[PDB]
Structures are given as C-alpha cells and as structure tokens.
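K.L.:
Need a 3D model of the sequence below.
(10 chains)
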Amino acid sequence: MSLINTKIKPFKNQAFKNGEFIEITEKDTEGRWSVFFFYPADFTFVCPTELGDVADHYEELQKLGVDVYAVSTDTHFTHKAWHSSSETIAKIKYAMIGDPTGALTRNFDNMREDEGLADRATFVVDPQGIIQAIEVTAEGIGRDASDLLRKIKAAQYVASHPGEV
Amino acid sequence: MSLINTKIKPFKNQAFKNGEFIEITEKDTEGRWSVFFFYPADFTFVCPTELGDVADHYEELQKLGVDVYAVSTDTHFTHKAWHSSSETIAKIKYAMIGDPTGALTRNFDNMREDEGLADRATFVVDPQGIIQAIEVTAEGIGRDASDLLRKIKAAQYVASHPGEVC
Amino acid sequence: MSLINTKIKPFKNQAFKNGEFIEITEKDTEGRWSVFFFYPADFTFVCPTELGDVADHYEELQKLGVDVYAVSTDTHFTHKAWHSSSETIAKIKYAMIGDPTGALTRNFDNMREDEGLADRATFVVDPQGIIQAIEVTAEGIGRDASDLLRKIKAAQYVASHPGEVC
Amino acid sequence: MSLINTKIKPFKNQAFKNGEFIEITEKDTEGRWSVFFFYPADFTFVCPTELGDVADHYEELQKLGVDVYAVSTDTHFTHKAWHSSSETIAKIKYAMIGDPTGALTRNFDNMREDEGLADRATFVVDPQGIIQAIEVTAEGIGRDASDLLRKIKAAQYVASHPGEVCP
Amino acid sequence: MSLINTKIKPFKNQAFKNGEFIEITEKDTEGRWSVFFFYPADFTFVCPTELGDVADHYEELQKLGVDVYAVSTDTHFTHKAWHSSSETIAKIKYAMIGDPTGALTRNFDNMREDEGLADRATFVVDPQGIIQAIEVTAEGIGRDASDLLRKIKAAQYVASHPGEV
Amino acid sequence: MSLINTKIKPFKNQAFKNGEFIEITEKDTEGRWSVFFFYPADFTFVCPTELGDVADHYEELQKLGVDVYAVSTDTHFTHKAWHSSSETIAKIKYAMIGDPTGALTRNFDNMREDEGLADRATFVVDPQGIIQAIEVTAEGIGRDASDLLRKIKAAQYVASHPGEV
Amino acid sequence: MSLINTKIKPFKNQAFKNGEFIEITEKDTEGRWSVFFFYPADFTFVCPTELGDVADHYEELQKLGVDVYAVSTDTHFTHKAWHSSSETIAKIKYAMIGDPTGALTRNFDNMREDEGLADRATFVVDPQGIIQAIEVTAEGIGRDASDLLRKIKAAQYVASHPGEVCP
Amino acid sequence: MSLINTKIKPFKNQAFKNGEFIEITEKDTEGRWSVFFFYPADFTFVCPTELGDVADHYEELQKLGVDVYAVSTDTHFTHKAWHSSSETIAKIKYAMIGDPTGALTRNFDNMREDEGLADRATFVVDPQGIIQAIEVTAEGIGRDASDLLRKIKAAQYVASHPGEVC
Amino acid sequence: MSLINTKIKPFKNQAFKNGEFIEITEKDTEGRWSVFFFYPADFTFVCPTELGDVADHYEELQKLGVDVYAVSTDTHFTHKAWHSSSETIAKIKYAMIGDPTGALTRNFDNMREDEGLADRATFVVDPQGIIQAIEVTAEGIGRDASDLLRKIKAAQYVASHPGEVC
Amino acid sequence: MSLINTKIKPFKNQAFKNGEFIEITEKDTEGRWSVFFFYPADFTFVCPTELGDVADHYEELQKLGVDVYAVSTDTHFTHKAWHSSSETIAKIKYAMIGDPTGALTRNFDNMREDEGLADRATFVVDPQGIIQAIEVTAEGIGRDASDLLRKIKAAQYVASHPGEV
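P.N.:
Numbering: from 1, shown residues only, chains lettered A, B, ... in the order given. You can find the structure just below:
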C-alpha cells in the first residue's frame, strides 16, 4: 500500500525550534503546507548539507506558506545540543522534532526496524493533510532543496488549478 | 516496512523497444544500474514531458551504464501504438514495459488500487538489486530527469568510494 | 455459484462512444437489454472481425432495443486511439468500456489471472439485470454475431410469452 | 477465476450407453476431444430436441474423434427409463452420465444451488483436458448443435495450426 | 445426538400427487400425523413392493388421519414417469416428494453422502412436529407397512392417554 | 451423519447372563450376528413385554447364530434383581448389559441427555461390525420381536447373496 | 479448590420416601441441616448396614433438625425395588435420591469416571448451604454413623457459639 | 475428578523431625502406609489437641507400620519454633512438613484459595500411593484420632484379604 | 512493563504491631509515605540485621512521616512468635504484615515462585500511591537502611521542589 | 515475574568507550562481573552526578574485576558528543552503550513505553549471567555509587562463601 495521496496520521511530539522547546501535533499542520524531513541520527560523521540546504531556502519557504519539520529518532535535547555544536545546524530556524518512540517515524513507514533510526525520506503535505510528494534515498545520496522547492511550487499550482490538458 | 534499501522482487513482463517486442525479467537488471520509471496511462491528455525529458538524457544514462524501464498498467501493444502516434513518445529509445497484471507495479508498492493505474514513481536500482532512490509524486506534479541523473551519479559515487566524508 | 440466471454486480467505468467520454454504471443497463462483449486487448495482431461483426448488426440490435458494451482491460484513452487507428474499429458506434481495475471483468468471472486480460466472453443481460446467455471461447475460436442475435430474439420471446416451448 | 482454458477436474460417475451401464472417469477423456452437455432434469416437459440435435451430428462428431457426454443430476437408472420411453432420446448413441452427488456438475461451476439441478451448459474439452469453449443458456434459449459443430472444428484448427492469425 | 423426540426442520419441496404436481412444506404436516418414507432411487432393479405395501394400507391410514410422503433424491418429474410405468407404483395415491437438493433428506440425517441417495428410512411425525418412530434399514432389507400401521395406532394411543400402568 | 451401514465402536461393559456375571466387549460380537436392544430403565411401571417377546424368539435366534444384548443405564447388579423378581424378565436367557457410564449408549447416539437413560432402540449388527437395521421408538410405543426376526432373516440373505433382481 | 466451606450447587432429582415418589431441589435444603450420603450402587453384594446405621440414628437426627439424603447413580425406580426386597433398606425413613444423570454426584466431585458410580462419601451441609464436613472412604472401609452424629452436633455448636476456642 | 482411589502426586518438601531438618519426597511414602494430616497454621489461638491426639497414638501407628506427615502452609523453620514453644507440639515425634508454595496442599485439593492456608483434612495413603480415606472438617469441628486408627486398620484388612465383607 | 512510577495495587492483609493484631489495606497507605520491606521467612538462621537496622531508623522515619511495613509469606501469628523469640525482632515497633496468600507479594512482582517466599526487596511509595524507589537483592546481599533513609529524603525533596536543577 | 536471580538475555549493541566506538555483546560479560547502569537521555538538564559518581569508583571497580555499562536509548554518536560536551561525562572511562532500538533496555524490562526512554535502573550481574541486585529510582532520586560498590563486594562474598549461618 502506497503512502502517496493519503492523509497523515495523528501525532504528538516535542521539538526544538530557534530556542527553545515546543510541542507539535497534527493540529499544527492544518491549513498549512508541511514538509516532513526525515534523517537517521544527530552527531553522525555524515555531512549535514541536506539540512543546511533546506535552511537556505527556509525564508522562501515561509514566503510560500510552507512549514518544515526535521525529524529523527533522537531526543529534542540532542537537537538543541546539535544546534549549538554543529556549524551547519546553527542555521536551522525551523522545527527539529524529536521522536524517541518512533511513532511519528512509523506513521510515515520510515523506520529501519533493526537500526531504530529513521530513513532518509522527505514528505510534502498539503493543508488537507494529504501527502503530495515522497522522496526516499539511501545513505550517501543527497537530497536537493531546490528540487524540493520546485515540487512544492508545482503542488501548490495543481491545488489552485485543478484538472487541465 | 520501508521499501528503500531492499532487493527487488522477481518479475516477468513483455516490453516494447525500438520497434521490437522483448521479454524482460529481473535477470536482465542483474549487474546493471536500472531505473524503473512508473507512470499512469498511455494516450492521456496530460503532457508527456516527464517521459520525454528522460529520453533526452537517455544517451547520457547509457553512458553511465544505466538501463531505463518505462512501466505502465497498459499492454505492450498499446506502447507500440503510442510510440507511433505521439511526437514526444517517438523519441523513446528505451524499453516500455507493459504490465497488465500489475504484478511489477505491486512489487514496487505503486498501484492506485481503485484506478488500476501506476503512480508517478521513479526507482533507482543498483547492480545488486537493491533500491537506492525512490521518488513518488501525485498527479500533476512533474519529475525532473536532471535531478534523477544527479542522484544516480551520487549513488554510483557512494558505491565506488564508501566510508569517506566529512 | 453458476453465473447464469443471476443479477449483474454494480460497476462504475469510463467508456468511449462516438468521439465522447462517458461514465457507465449498472443504472444505465436497467430497463434495457444489454450485451457485454469482452475481449483480450486493443492493438493486437489478432483479427478484429469479432468486434466488426457486432458493429454490422448494431443497427439491428438497436432496432430490438439492445445496448452493446464492448469491455476490455485497457483504458478508455486507449479505446479512442484504437477507434482512430483501425478501419474495422472505426465502424464501432457502440460504447467501448475501459476496465483498468478489472472490477467489471471479475464481476463476470472472466479474468485471465496471470495475464491480466479479459477472456473472449459474451453476456446477454435482460432489463432486470439477470444474465440469460453466456458464451466463452478460447483465443482463436470465433464468436458468431448472427447466432448471438438468434439467442437475444429467443430470450426476448421467453420474456414476453413464458411457457411457450413444447 | 474463469473456467475457460483450465484442465477438467477428476470425476467418477455412472453412465448409460446403448442398453449397458458403464463407469466413466477423467481417464476416459484423456487423448480424446470431449463435449460435456449439461441439462436440468430427465422427464421434463421441455423438448429433448437439444440432445436429439446432437445425436443427429454424432456420426460426424465420431469421425472427428469427438466423444459426447450428457450430464444430469439424475441417476443412471433414470437415464435408462428416459431412453426407453422417448422418441428423441432413443436416438442417443453416446453416454448419458448420471450425477446424483452433483460432483461433476460442481466441477464445471454449473449447479443451481436452490434447485439441485444442472444448468444448460456445453463445454468443449481437448485431449489435454483444457476447456476451449463454454456455452451457457437460460431455460428457453436453445443451444445450436451445428454451431457447436463449427466451434469444435475451429478448436481443432488452432490445435494443429497454432497462432495462425490473421493473416 | 438422537433424532427421536424432536421437532422436524422446515422444508420446501415439490411433489407428485396422483396426476398433479403440488408443493409440500412443514406447514402441511402441522396438525396432522405424518409418515416420511425415504428410499434410494426411482427405476431401480430392486423390488418396489415397499411402496406398494404402504399403498395398500393407505386407505386405512387416511381413515386414521395420517398423511404419507414418499421421498427420494429424484425429481418430481421422475416420480410421474415412474407412476405411469410401473403397476406397483401406479397404486400410489399419496404424495411423492422430489428432493433434488437433498435438503429434506439431510434434515433427517438420511443422506448417503458419497452416493447422493436417501437411505431406507421411515419417520412417524405427530401433529406437533415431534418424531415418534424411526426405522432405518440397509440396502436389500425390506420394511413392513403392517408393522408401521401398528406403530402409528400405538403412537396415537399414547398421545391421547398419558401414563400407562 | 447416519448410523446405518457403519462399524460399531469399541466398548467394555459388565453384563448378567442367566445367573452369572460376565464381561462383554466388541470382540465378542465379531464373527457373529448381534442384536443390541436398548431400553429406558429397570423396575419401571411400563410393561416389560418388549423384552419378554424377544425372549420367546431367542431359541430360534440362537439357531440362526444371533447374540442378543439388552442394554440400559442400570447396573448389572440391578439386572440380576430384576431377573429374579419379574416373571417376564425371568424368561431372559440372553445377556443383560449394564451401562452405568452410558459409553455404549452414546456409541449408538441413543442417550436421553437430560434424563440419563437409553431410548427405545434396536440395532442389528453383522459379523463385520456393520449396522444393518435400526429401529427407534418413543416412550410408550412398543417394538415387535416377530418383525425383528424377519429383518434378521432378510439381512442374512442379502449378506450371502449380493444383488437381487 | 477444595469443596469444604462452599455453598452446594443447585440440583433437581427424583427421590423415594415411604412408598411415594417426590422431587427434591436445592430449595428443600434451605434453612435445614442436610446430610448427603453417597454410595456406589443398589443391589450390591456389600452390606447395606452403612445406610441402616444411619436409619437407626435417624430418629435422633430428626430431633436435631437434620435431613438425610441417600444418593446413588441408580434410578428412583430401583430405590423402590431395593426398599421392598431388603431387610435393612426397609428401615429407611429418609429420602432415597436417584441420580441417573450423575449431575448431583458431580456437584460434590464424587463421580468414578470409568465406573459411572458415586463414591462412598458423606457431606454435612448447614441451613445456609455451606459444607461443614466431608468424609470419603474406599470400598471396604466402613463409615461410622455415631461419629457422623458427633460431627453434626459439633457443627451445630460452632454455628450457635461462633469462635469459641479454646479456652 | 474424585480424589479418592487415586495415586498421590509427586512432591518435594522440607520438614522438621526430632530436632532435624529433612527433605521428604513421594519416594519416602512408597511401600509404606502414610497419613497426611493437614492443618491451617502454626501459633494459632485454636487448641492444638488435634495434633496432640495423633502424637498419643503415634507409638501405636508406628506399630502398625504407618508414617505420619503433618502438613502446614508455614515454613519448616516455623515448625521448629512451634515445637519448642507449645507443650502439646513438643510431643510431636513425627515429621512436620513445611509447604510454603502450597504445592503439596493443592495436590490434595485442600487450599483455602483466598486465605492461603490448608484445610483440616486427613488422608490415608497405602504403600502403592493410592488414597483410601479422606476426612475434611471446617474450623472448630474436631477430628478423632481413634476413629482414624479404626479406618487404617480396616484399610489394612481390605488390602490383606480382599472380598471379605458380607 | 517496569514497576517503577506506577500506582500500588489494592490489598487486604493481617498484621502484627506492638502486641496487637491489625488489618492493613491500601487505604492505610493513602496520604502517607510508605515503605514496603519484603523478606524471605521468619525463624531462619540468616542474621536479622536487615530488619533490625530499619528498626534503629524507625524513630527517624516516623519523624519524616514514613510508615514501615515488613512483609513476608508467613502468617501474622508467626510474626508475634518471632517478636517474642528473637532479640533483634523485639525492637520492631512497626507493622509486620502476614501474607499467606502471597497476594501483596505478587502485587509488587516479588515472589520466588518455586520457593513460595518473598524476595529481598524494598519499595518506597509516596502519598499518591506511586512507587518512587525499588531495591531488590539476592539472598545473602544486605540492604542498607541508611541509604534507604537518604532515598526517601531525596524523594520528598523532589516532591516538594520539582523542576529545579542543574 | 521478577528479574532477580535470572540470567541476562543476549544482545548486540554499539558503544562508546574512551574513544572510540566498540561493539558489545552478552559474550563480553562472560566470566566477568557486570553493572548495567540505565539512564533516560543524554543532554538533559538533570545533573549527571549519578554517572560521575560511578566514574570516581571505576578504578576500584576494575580492581574488583567489575565492568560498567552505561545504557540509554540515545545513539553512540550522541554518547561521544556528550562525552566531549559535558564536564562530568568527560570522566567516563567505561562503556557508554547506545540502544536506539531499545532491545537491550527491554531485556531488563526498563522501557518507558510512552516516552521511548530507559528508566533509572542499575543491575548487578555475576560471571554466570545471573542478576544479583536491582535498583530502580524515579526522576530526581540519586543513585549512590558507594552503596553500589558495597553491594558488589557483598555479592562477590556470597559467591566465594556459599551458605552460612
């Protein structure tokens, strides 16, 4: 069963945003365009260029009315530490959702069951809750924020201009 | 339960390639970089720019040693007809897999159950059979062949030089 | 679990008829004599004379108040293309039902499970929805349209005047 | 889930042929073209001309190597009685299979559940056991034996000349 | 579980009563004494003297208010043919129930499952529906109508007079 | 499921045979024709002429090679007391099987579950163990030993001569 | 999981008392001291002196307000016959409960499964239904009726004088 | 499921006997006449005369070759303390089985489920392990030891000479 | 599945306290700081220093408003006997709960199933009924009443001033 | 069911020790005294005095032949970061096991299912694998390493001197 064109499942998670800690539910995504940016773990040796690339477009994303949610199986406490410790993660102004239970990760069928870590996946969600775009890659393959931005612009176009030759 | 980083399931399908009918199995994808390009239906009123953009990069894809498989729920007979009817589909030099059973579409968890059509999804499969990249979009949202090309080059780099960075 | 003398199961399909796309449900068959003509696939190398025969008798079938529905597992978009391509399929004035899900095909128990195509079967359905005649043949064995007319006329005579046989 | 292009299921039924009782199994259909002619019941008020029209073409069917099997939910004892006191059934040279259990009838998905009787169905079976043609009609609609004869000749043609379309 | 002293199950079968086709249900047996006479098949080489012996006592059975039902897995069309073909079966004025489904046969647990035929059984049913007497015999062993008549006379005596010392 | 034309189930019961206590099993019935005569209880106010009628034909039954077994839910101790108390039961020379467990009664599906007594049933068993004739009657209706004798004579004829036209 | 100090389960059995058949339920034991005397079978070769010794003390038991119930897996018809043709059973003034189903026997966990007979057990039941004394013996070991009489008198003493130890 | 005339279930318990701790299993009861004397608890306000009676007849019981086992849900450590405390319990020369698990108590179906104590029950067990006599009484009703001796002597007579009663 | 930070299950037990028998329920622990001190058995040869050490701090525990409940699988009758027999157990001013059913022991998941005795475990329960501290040791390893006292003072501090540090 | 006096369940976890990363299985605890020190999460605002107290006794623990395993649901990457970031955690010379799957945490029945974090528990394990001491506290209640040290010394004494008055 594909997760495309389906409504997102309810959740309640603690997150880090700009300093300090906030709580995010599925109620917060209502009437808003949402991006769920899943990544394995904090403090890994892999370059955090994927997250920093989104941070560079975040001002343009907020202009388009798009909320960004970076999610991992690490705690929100770890997100705060990684925000202060890493050079690139300091640019992150959007929410960094901690998912220690993995309930939100499992809502998007994105758990490495044997590792206990999220897969490298990105979800574009419309105001209705329906998933419009899915993008999953393996370890080492980078996700372009420019192509993500292009996809959102195309998704917002279909919503306003439904059905055309 | 995620489809990423898993070996592809065996299949047996009929396809259309450059005026000839050929049978493609999972054996044909072995030892080869493969791209499974799923799309809804033939002869629709939607612009065929998604499949045409892949055709433009196909020579560059064959240069990297990558096979391209365009798959839909239509028959391979329909693919031959669509290759002769449309101006953009005439450029398609790669294989056009016909999947009437939907078995190949079900293998990649990419079936619109109540429509009987494949979703707009792209899969990048390494020579071992493991899926490295998944890209799914809803009807209307276009897929970029240039970003697909970038991902394959990035996937081949990690396959060649693993453990480096950063 | 014999299919004969049972009411037809509800359906919702897209169809092509005279340069127009229409939606056909089980409601459209109500109060009318219907004929469901199933066939494998569009754009095949097999001679399309079976559909051509029904086209020749269609004027006579409409005269008896009988609706003809040609059903295939192909999309309704594919049917339009086939109407413009073949000389024999151009003669088709009746509706060409597209059944990508195979829901309507499985309703009449007529799906080639491992092939994903409809079998060569013809169904005669009365105004009530009850199936009166079933004719299934393998690939190659032709279906006679003039014998179908004989069967429909006989079915209409039994409906009008019950208990008038020996 | 359709019954077309599938091998026939094994059966063991008693039959009546030319004044003698014989037992027929799936082994008897092996290597032979077989036609299974199903009908509701014996001693019905409806014309037995459907079976009689097959009996007229039976000479031609035997020359083609086609065996005819008339199947009913009645006993083989009943078939003997219907053979004796009927003008049209007296012409039957082929076997009249009795199916009191309804096992053979259910093999072809041809049972009226509420009536306990077979439906008006004709099946064309090749030497391998694979079903090539199915014809099912309701009470009143007659089955054409000369059209059945045409179908068998067409089924034999594709068997000897495989995939000969169109040209 | 025993079939004796239990109410008969509902049924709807077509039958042949001297020249005419009728339909018999569990409703027809109500308020009346009933005898269900099961037998293998019509047009068998075995002697039909079982049904002929019941036919001789049938006039006395109607005087006692007892309805007789002859049941087999053959159709009611076959019962008519057997009536006007055999001299012994021609004496039958009682109803000949046809049971092609075997629903009535299975109600009395009397079906030869591998043969699709009824066993040689006789059931005596009172106005209430309760079975009072059961007699089952194997193929070849005959049943006596004179003994059956005696058993019904005794059953009607017990029904009218409760307790006998 | 019908009890007719099936092999009898194994049993081990104590019995009373004219003056002495014996034990009867399924082994004793083998190679011999057997008649199992079931009845409610000993010392009842109902007429014991059912068992007395069988006792009169018992000498002829032994000439035919038929063993008679009278079974009830009473103990074998009770059968002895009933033998030397009633003039009709005193005529019994055949075995009187006591079945306090009801195991043998349940083998023939003949137990009145709420009463704990046997129904009025008679079973005819051949040397192989196969039941050939069943006769069950409700409380009050009598069984005839003369008809029973006739049924055994017919059963032995069919066993020796297969197929009768 | 022991049966001591538990209320007796409901029952409906036929009994024999002084030439007349009566029906006894759990309602009849209400507000009355009850003794359930179980034994294997009627017409056994073993002495019926166990029942006879209870019959001798029955006059004293009735004065204390104690009802005696003799239970057997035999029918109430059998109890009448054993009452008529026995010297010791003729002295029985109390009820002789028949338990052909074994339902009452199973209520006291006193059934020999392989024999279908009750075991040699005696139960002392108070007006509330609560079991106060259980005595089960094997075939051969006699049950003392005068000791049973002592137990009932002791059971009545703790009922009227609750928790009077030692002093 | 009557407990009478059934073999005793295996057990492994610690016991106190004559200033010594010993382990008693079902093996120790084999080939010997055994008596299992169950009682609620140690150090109760209830008069310990029931155990005192068995102590007085113990010499006579050992003369008949009968072993006496007094079982309680208390520990074997508690039994030692009770042997030193009470004047009546000091007379106990037989083994006092401690059953904290209640395994041996549940074997004889003698557990007060909601109280966690053994009921007042006496069991006579033959050399084979078969239970011959069961006597259960409620709190307050005394158990007679002299009537127990009568029951054991009767049980031994039946074992020696079967079928010698009327 | 951990027992920590959960509300205690209801119980009804008989206990011995200062020469008197009293019934203790979960109602008695309400609004009160409670310590459930589990131990194997009475009258053992193991040094009773664990229970004696708690008795030394009992006056200091009552000063903090803490109730102490010593629990074992033995009867409350045995506790009275052990209070009079032992020199160290004579100091016990707190309640000694008798748990013959083992129901209270099962509530705290602290039963040696094959021994029928409680394990060496200490539980600290706040006025709300929530367990704040669990300490379990195998036979032989001693429990410190001073560290227990430290934990209760630390538990009362967090209850008073939550959210502070560091 | 209590976890006291039971053998530890098999596991395979990645850990941080002294720099750098190692893998620990149940095979590594064989023939050695082990301490499993569970704690909720890394980078929390709670003072890490519990872990630092054990670090002060670690030299004495290694003298007694005791291995210390600090476990949390955080990754081993996070453990390395927290080792470098925190003043007290820099003293940690023993292994810091990362348990993102929570499999090792669930082996000791120590998971806060709704939080996805380990409870505050300490386990003393002998060379055989058998758990000798369990110590669980709530948030805010400190665990004394001196009392832990005393318990281990007592546990090692019982192993060498088994059974005494």
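
K.L.:
For chain A, list the residues in contact with chain J, please.
P.N.:
For chain A, the residues in contact with chain J under the definition Cβ under 8 Å from any Cβ of the partner chain are A:41-45, A:73-75, A:77-78, A:80-82, A:85, A:99-102, A:113-117. Where you see a C-beta, it was placed from the backbone N, CA and C, and this is true even at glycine.

K.L.:
from the residues you listed, which are also near chain C?
P.N.:
Checked against chain C using Cβ under 8 Å from any Cβ, the residues of chain A next to chain J yield no neighbours at all.

K.L.:
And for the residue in chain A that chain D sits nearest to, nearest residue in space, chain neighbours not counted?
P.N.:
For chain A, the residue positioned closest to chain D under Cβ to the nearest Cβ is residue A:1, at a distance of 23.0 Å. Sequence neighbours aside, residue B:109 is the residue nearest to residue A:1 in space, at 6.7 Å (criterion: Cβ to Cβ, 6 or more residues apart in numbering or on different chains).

K.L.:
Please, a PyMOL command that selects the buried ones among the residues of chain A next to chain J?
P.N.:
Selection of buried members from those for PyMOL, criterion 16 or more other Cβ atoms under 10 Å in any protein chain shown:
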select buried, chain A and resi 41+42+43+44+73+74+75+77+78+80+81+82+85+99+100+101+102+116+117
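
K.L.:
show me what contacts residue A:74?
P.N.:
Going by Cβ atoms under 8 Å, 6 or more residues apart in numbering or on different chains, residue A:74 touches A:41-42, A:82, A:98-100, J:74-75, J:78.

K.L.:
10 Å instead, please
P.N.:
A:39-43, A:81-82, A:96-100, A:117-118, J:41-43, J:73-75, J:77-78, J:100 (Cβ atoms under 10 Å, 6 or more residues apart in numbering or on different chains).

K.L.:
Next: residue A:12.
P.N.:
Contacts were defined as Cβ under 10 Å, 6+ apart; by that measure residue A:12 touches A:23-27, A:101, A:103-104.

K.L.:
Weed out the non-buried ones from those.
P.N.:
Of all the contacts of residue A:12 considered here, the ones buried according to neighbour count by 16+ other Cβ under 10 Å are A:24, A:26, A:101, A:103-104.

K.L.:
Mark which of these are part of helices, please.
P.N.:
Judged by DSSP state H, the buried ones among the contacts of residue A:12 include A:103-104 as members of helices.

K.L.:
And residue A:21, how far from chain E?
P.N.:
Spatial separation of residue A:21 from chain E under the definition Cβ to the nearest Cβ, to the nearest Å is 70 Å.

K.L.:
what number of residues lie near that residue?
P.N.:
Neighbour count for residue A:21, taken as other Cβ atoms under 10 Å in any protein chain shown: 14.

K.L.:
didn't it look like it was pressed against residue J:44?
P.N.:
No: Residue A:21 is beyond contact range of residue J:44, at 11.8 Å (criterion: Cβ atoms under 10 Å).

K.L.:
a strand runs through residue A:80, doesn't it?
P.N.:
No: assessed with DSSP: H, G, I helix; E, B strand; the rest coil, residue A:80 is helix; it does not lie in a strand.

K.L.:
and residue A:52, what are its phi and psi?
P.N.:
Taking degrees, to the nearest 10, you get phi -70, psi -30 for the backbone angles of residue A:52.

K.L.:
residues near it, how many?
P.N.:
Close neighbours of residue A:52, defined as other Cβ under 10 Å, add up to 17.

K.L.:
Nearest to chain G: which residue in chain A?
P.N.:
Proximity of chain A to chain G (Cβ to the nearest Cβ) peaks at residue A:101, 43.6 Å away.

K.L.:
Assess the claim that that residue and residue A:71 are in contact.
P.N.:
No: with contact defined as Cβ under 10 Å, residue A:101 does not count as touching residue A:71 (11.9 Å).

K.L.:
what do these two both touch?
P.N.:
A:11, A:13.

K.L.:
What is the nearest of the buried ones among the contacts of residue A:12 to chain C?
P.N.:
Nearest to chain C among those: residue A:26, at 31.4 Å, using Cβ to the nearest Cβ.

K.L.:
Look up how far chain H lies from the closest one.
P.N.:
Taking Cβ to the nearest Cβ as the measure, residue A:26 falls 49 Å from chain H.

K.L.:
Tell me if I'm right that that residue and residue A:7 touch.
P.N.:
Yes: Residue A:26 sits in contact with residue A:7 when judged by Cβ under 10 Å, with a separation of 9.4 Å.

K.L.:
Overlap of the contact sets of those two?
P.N.:
Here residue A:26 and residue A:7 share the contacting residues A:125, A:129, scored by Cβ under 10 Å, 6+ apart.

K.L.:
Among the buried ones among the contacts of residue A:12, give me the pair with the biggest separation.
P.N.:
Within the buried ones among the contacts of residue A:12, A:26 and A:101 form the most distant pair, 15.2 Å apart (Cβ to Cβ).

K.L.:
For residue A:72, grab the count of nearby residues.
P.N.:
A count of neighbours around residue A:72, defined by other Cβ under 10 Å, yields 26.

K.L.:
Quick check: can you name the pairing partners of whichever strand or helix holds residue A:69 and their directions?
P.N.:
Counting by DSSP states H and E, the element that carries residue A:69 is strand A:66-72. Strand partners for strand A:66-72, identified by DSSP bridges, are recorded as strand A:33-38 (parallel), strand A:95-98 (parallel).

K.L.:
Could you list the buried residues of it?
P.N.:
A:66-72.

K.L.:
can you give me how far that strand is from the chain middle?
P.N.:
Strand A:66-72 sits 3 Å away from the centroid of its parent chain (Cα atoms, centre = their mean, to the nearest Å).

K.L.:
And stretch A:128-135, by the same measure?
P.N.:
Centroid displacement of stretch A:128-135 relative to its chain, using Cα atoms, centre = their mean, is 12 Å.

K.L.:
where along chain A do the helices fall?
P.N.:
Under the criterion DSSP H, chain A carries helices at the ranges A:49-63, A:76-85, A:103-107, A:145-160.

K.L.:
contact partners of the first one?
P.N.:
The set of residues external to helix A:49-63 that reach it, using Cβ under 10 Å, 6+ apart, is A:33, A:35, A:37, A:39, A:48, A:64, A:66-68, A:70, A:82, A:86-94, A:96, A:120, A:122, A:137, A:141-146, A:148-149, A:152-153, B:165-166.
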